[PDB]
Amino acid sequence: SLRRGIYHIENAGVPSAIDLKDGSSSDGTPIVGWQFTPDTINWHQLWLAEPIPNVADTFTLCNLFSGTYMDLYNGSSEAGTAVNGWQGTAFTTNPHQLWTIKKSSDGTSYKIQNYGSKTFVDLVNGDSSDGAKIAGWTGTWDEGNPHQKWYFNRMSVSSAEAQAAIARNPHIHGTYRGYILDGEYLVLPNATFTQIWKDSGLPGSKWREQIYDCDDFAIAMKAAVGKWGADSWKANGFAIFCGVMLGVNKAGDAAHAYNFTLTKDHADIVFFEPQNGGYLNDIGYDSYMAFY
């Protein structure tokens, strides 16, 4: 089953992602194929999949940027029916905005079926053009047709997945305790994480004993990523991944506060030094506390 989380949905045939055109919140904004840049935030191309509790393999798909929902226009079963962004809610009963999402016959890509119409999300003609129509279209669960096959590239971790990445790490103190604040986290590329750090003003901050020392830098960086999340996205029901860690050196006679983020493969953490914007696989401290 598709997990709850944020996905970049990429056609199996051509390198086009499902895109809410101009990220517009207007009802009836076309959802189109568009090219994408890996290891960036693709601002109009991120979809929060919310499982519908009492319907198997069925979701709403909320555009992270617009906060509007993937909607089959008037729920029509006609091939070529418009797929648009439309106002809704995460657990709607509106079958226009309900999508059964299951593995295709290649066992890696998915097909996306409208719960009402039983027609599939289709990149019309496999057109690779920026702004290519996406429509509801007749099809089957089993056929190879790449127009209707979609890789769900997972952009978020659960709290359980973040916990696992930390526990993997070789720099966790025996006394470590972790404090989980949210359920589902957007993982930033370092390029974006760095940009939030720059736009925070922290690069200009001076170290001062107690009054602006490591703990103030680390907490200011987490607050800045929290502020960026709320200000950047209109969807709800997720957080941005940015950890704070307290650590102690091997000698046990010096402590440090710093940040951490997750690798591209979501499997491991990477330490971030908010006093200089460095990423490190070893920051010279073993974490005894984290909150994220």
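We call the rigid core whatever largest set of C-alpha positions still superposes within 1.5 Å between the two forms. The first residue of the shown sequence is 1; numbering continues from there.
Taking the rigid core as the alignment reference, the C-alpha atoms of 276-284 lie farther on average from the displayed form in 5 other deposited structures of this protein than those of the other stretch among 276-284 and 17-25. Comparing 179-187 with 68-76 by root mean square Cα distance to the shown form in 5 other deposited structures of this protein, with the rigid core used for the fit, gives 179-187 as the more displaced stretch. As the entry records it, the average C-alpha temperature factor is higher for 170-178, out of 170-178 and 217-225.
Here the stretch with the larger average CA B-factor, out of 281-289 and 4-12, is 281-289. Per the deposited coordinates, the residue with the largest Cα temperature factor out of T89, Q113, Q148, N84 is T89. The PDB entry gives the largest Cα B-factor of the residues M70, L64, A56, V32 to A56. Per-chain ranking of the deposited C-alpha B factor places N276 in the highest third. Split the chain's modelled residues into thirds by C-alpha temperature factor. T60 is in the middle one. Ranked by C-alpha B-factor against the other modelled residues of its chain, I240 falls in the lowest third. The PDB entry assigns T119 a C-alpha temperature factor belonging to the middle third of its chain's modelled residues. Residue-level temperature factors show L46 in the lowest third of its chain, judged at the C-alpha atom.
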